[PDB]
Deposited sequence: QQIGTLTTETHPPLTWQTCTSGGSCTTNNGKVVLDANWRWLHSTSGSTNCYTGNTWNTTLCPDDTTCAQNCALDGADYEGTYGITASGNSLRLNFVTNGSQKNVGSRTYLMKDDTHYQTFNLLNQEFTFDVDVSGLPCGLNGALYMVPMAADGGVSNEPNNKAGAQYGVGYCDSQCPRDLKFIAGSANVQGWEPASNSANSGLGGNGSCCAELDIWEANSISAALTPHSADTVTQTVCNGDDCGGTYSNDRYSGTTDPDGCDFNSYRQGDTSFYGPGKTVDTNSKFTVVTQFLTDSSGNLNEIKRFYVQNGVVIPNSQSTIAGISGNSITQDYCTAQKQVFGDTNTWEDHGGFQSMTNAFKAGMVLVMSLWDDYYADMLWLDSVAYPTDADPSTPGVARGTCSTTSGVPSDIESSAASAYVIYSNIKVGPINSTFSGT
């Protein structure tokens, strides 16, 4: 994609902290950038749309390459159009914004400078942030996560990609998404078809994915996802696997991940409104990436801090699945007991995530509803909706099986929002303390 020049692109500021072993921290003045899919895409010679609604202009975009040559991503009105406001240490994303057009959700990335994403290798480190999820009902997901996107947005070896990180180009994840308009410096117009549960193009954008945080006020999940190749690869149609494929597990990535949702793991009193981690108020989320003696990831721990109290992650209470952290033993046990295919292990598990960190992870902060499964996998009394909650792994939250339909919640929860704040990174136990 080209650089549009009709609207200035100014990245809102967001500062975050790097901490020493002793708990002393210094500030980094970063910025955030909106993902390219949300932007205006128009001709390089004027305001004619290359895409709008869910269809492409086939004169400007007769194939993937010509489309990339002809089409420019332009600047974003962060607050006015997308309901994104970044001030000091805080980033707020609103669910619905009624500007000239209705906008739903957003996906943003943390930048190092105006043309490069910040990258993170968190091995032997922890990532910590504060979050307000009190305004997120059933069906919404305030996600904070990491994917090994190219730091420059792909520009270095993609001749038709001038827009790059500056315009939020380069996304990939463990679902191998085919709804992306641009992938690896080409458009995705070839094979494009409108789809109600997303449109979808001929190709998808695959990579490993570390879902540090996927949550609303009801349920939360922590989920690493492996991949054969940890950085971006391009897949072809149904061979992609993932959410938009006829065989979900036929691709090169792990679309399910090794998840820890306290409720799914049998503790229904731990996370939620009025619960131990009380989602009616702000709290701190600490995620630690522990290694073996060879420097390979072998454990992900989680702590919360609320009201100055340090709260360890809840124990899994499911018979056959013990502990309160993500480890080799936990993942093997959980997939066996829940009867879920262990694509996590198949695509390299902890070694894959180790290599993803070594490649360098970009921080993603998003707010979304789920046109595929209504977020039921996160927060439903049963997923799939016809399964027995008596079966371990079926229940994930307290939301009804009819909850989270986009057309419903985009009206009924239009005021929903999430706030991420006070991001801190450093050695183990450097970013938090309390009773």
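- Residues of the deposited sequence that lack C-alpha coordinates fall in a single stretch, 199 to 201.
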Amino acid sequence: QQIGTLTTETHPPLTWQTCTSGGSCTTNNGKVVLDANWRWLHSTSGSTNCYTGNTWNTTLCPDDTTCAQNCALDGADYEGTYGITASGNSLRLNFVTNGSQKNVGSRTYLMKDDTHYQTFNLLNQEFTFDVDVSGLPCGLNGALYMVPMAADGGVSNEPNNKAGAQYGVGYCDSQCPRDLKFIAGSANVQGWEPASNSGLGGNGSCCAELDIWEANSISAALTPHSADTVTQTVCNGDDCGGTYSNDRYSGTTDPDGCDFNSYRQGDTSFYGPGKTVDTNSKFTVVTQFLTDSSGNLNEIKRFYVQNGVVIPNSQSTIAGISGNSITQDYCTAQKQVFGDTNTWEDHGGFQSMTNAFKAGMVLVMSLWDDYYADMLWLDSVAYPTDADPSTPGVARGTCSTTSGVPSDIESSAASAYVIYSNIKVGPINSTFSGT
From here on, numbers count along this sequence of modelled residues.
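So that the term is clear: the rigid core is the largest set of C-alpha atoms that superpose within 1.5 Å between two forms.
- Of the two segments 419 to 427 and 20 to 28, the one whose CA positions lie farther from the displayed form in 4 other deposited structures of this protein, once all are superposed on the rigid core, is 20 to 28.
- Stretches compared: 259 to 267, 87 to 95. Higher mean C-alpha B-factor in the entry: 87 to 95.
- For the pair 403 to 411 and 25 to 33, the mean B factor over Cα atoms is greater in 403 to 411.
- The PDB entry assigns its highest CA temperature factor, among 169, 361, 195, 71, to 195.
- Among 391, 43, 366, 380, the highest C-alpha B-factor recorded in the PDB entry belongs to 391.
- In the deposited entry, the Cα temperature factor of residue 431 places it in the highest third of its chain's modelled residues.
- Residue 419: CA B factor lies in the lowest third for its chain, per the PDB record.
- In the deposited entry, the Cα temperature factor of residue 60 places it in the highest third of its chain's modelled residues.
- Among the modelled residues of the chain, residue 145 sits in the lowest third by CA temperature factor in this PDB entry.
- In the deposited entry, the Cα temperature factor of residue 318 sits in the middle third of values across the chain's modelled residues.
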